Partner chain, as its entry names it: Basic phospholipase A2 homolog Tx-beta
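Below you'll find only one chain, the form deposited without its partner chain, shown as structure tokens.
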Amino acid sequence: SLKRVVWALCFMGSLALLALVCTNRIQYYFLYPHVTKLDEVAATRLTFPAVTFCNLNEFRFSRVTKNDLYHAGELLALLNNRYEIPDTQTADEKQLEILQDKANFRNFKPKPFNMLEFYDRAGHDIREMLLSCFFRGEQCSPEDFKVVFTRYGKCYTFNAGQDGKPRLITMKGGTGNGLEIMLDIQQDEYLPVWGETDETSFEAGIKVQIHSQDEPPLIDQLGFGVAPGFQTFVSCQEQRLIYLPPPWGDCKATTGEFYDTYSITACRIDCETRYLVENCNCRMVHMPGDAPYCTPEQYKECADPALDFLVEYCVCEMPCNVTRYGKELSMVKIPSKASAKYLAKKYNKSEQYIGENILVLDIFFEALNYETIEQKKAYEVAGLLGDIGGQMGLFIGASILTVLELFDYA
């Protein structure tokens, strides 16, 4: 019969086709696809971020005591392993006099010694580095900086959000309307450079990280530099990422050892911290917990090889609520010739000092808005069924109530 052939001829193609296309939409769904929704929304306020900054130098040269030098000199490249000064013809005369004086161990009774105490006491004091401080055109004081220990030593966090302190906000973008600090980096307190190590800088300045209050600073890896002699502008953009969990993504939605709120920085410090305690029964200045802080012998012999080997293991995925701060750096010179003499008079320093040691850091929001980056689900379940039902109710006539009629037969 020609018709009931041409009929079932092209109907069998149509059932193979529905079988084909319906398999495509079930395979796609099981890839669990997502797409991205970029949006920007206007705002009237914006919570100002946390700002963590460090002097590139860890210990003030003048704050080193005789006791400090006995224990830490070989650690700091100020004594060779026989405990005396190299007398290298590279030196400041006055500093090498100060050192050999403090480094003469005749009839010396070693005293107790601790690395947090050294870091805390020898570290640069915000009270003397913070020549000037203004937030939204109102004044601020070293009280507004919370101390934090990083691999760069005693560092400070503005608007840290801790100890019941509210988070600062801003109501206008641009230079005057955020944080504007004038720092004095104190170059002549830098520990001298007579030979080289992994831990030696020719660098001079500060290191800065702008980060949310829910995450600690990781300023040795996430920092940026600000150099002396310039007022450096930091124009920021608030980005609110909302990312998708598994199966759609690799997000971490949950709660999270030594911290309470999960964040990639907080996670990487745990892997670093437990590894060092497990392999050396020891922690470093930047690590949380209760372990004893490392001794100079323990660092030379144990912790440095333990970290050196650790890199050559621990994966830390992104959280689902993440607020990031994008920034555009720009800079102009300080001081102007007109203000150079005044700044020296104002702070009892020479004009040469001001241009070698003064930086102004100026952090603000470009404008009152925040960008939103959200992974959205591409193929929900409701949309699959509409797609199959439409494909069924097209290639054939079936409903799901029909396919159940085929069981009422058998």
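Positions refer to the first chain, counted from 1. Throughout, rigid core stands for the largest set of C-alpha atoms superposing within 1.5 Å between the two forms.
If you look for the form deposited with its partner chain bound, you will not find it shown, but the lines that follow are about it.
- Between 275-283, 158-166, 142-150, 105-113, the stretch whose residues reach within 4.5 angstroms of its partner chain in the entry with it bound through a non-hydrogen atom is 275-283.
- For the chain shown alone, residue 305 is a contact residue for its partner chain in the entry with it bound, at least one non-hydrogen atom being within 4.5 angstroms.
- Using a 4.5 angstroms threshold between heavy atoms, residue 120 stays clear of its partner chain in the entry with it bound.
- The shortest heavy atom separation between residue 258 and its partner chain in the entry with it bound exceeds 4.5 Å.
- Residue contact check for residue 301: one or more of its heavy atoms lie within 4.5 Å of its partner chain in the entry with it bound.
- Contact with its partner chain in the entry with it bound, defined as a heavy atom within 4.5 Å, holds for exactly one of 84, 128, 297, 97, namely 297.
- The only C-alpha among 89, 107, 81, 139 that moves by 2 Å or more between the shown form and the other one, given a superposition on the rigid core, is that of 89.
- The Cα position of residue 192 differs by less than 2 Å between the shown form and the other one after fitting on the rigid core.
- Fitting the two forms on the rigid core leaves the C-alpha of residue 342 displaced by under 2 angstroms between the shown form and the other one.
- In a rigid-core overlay of the protein, residue 288 has its C-alpha displaced by under 2 Å between the shown form and the other one.
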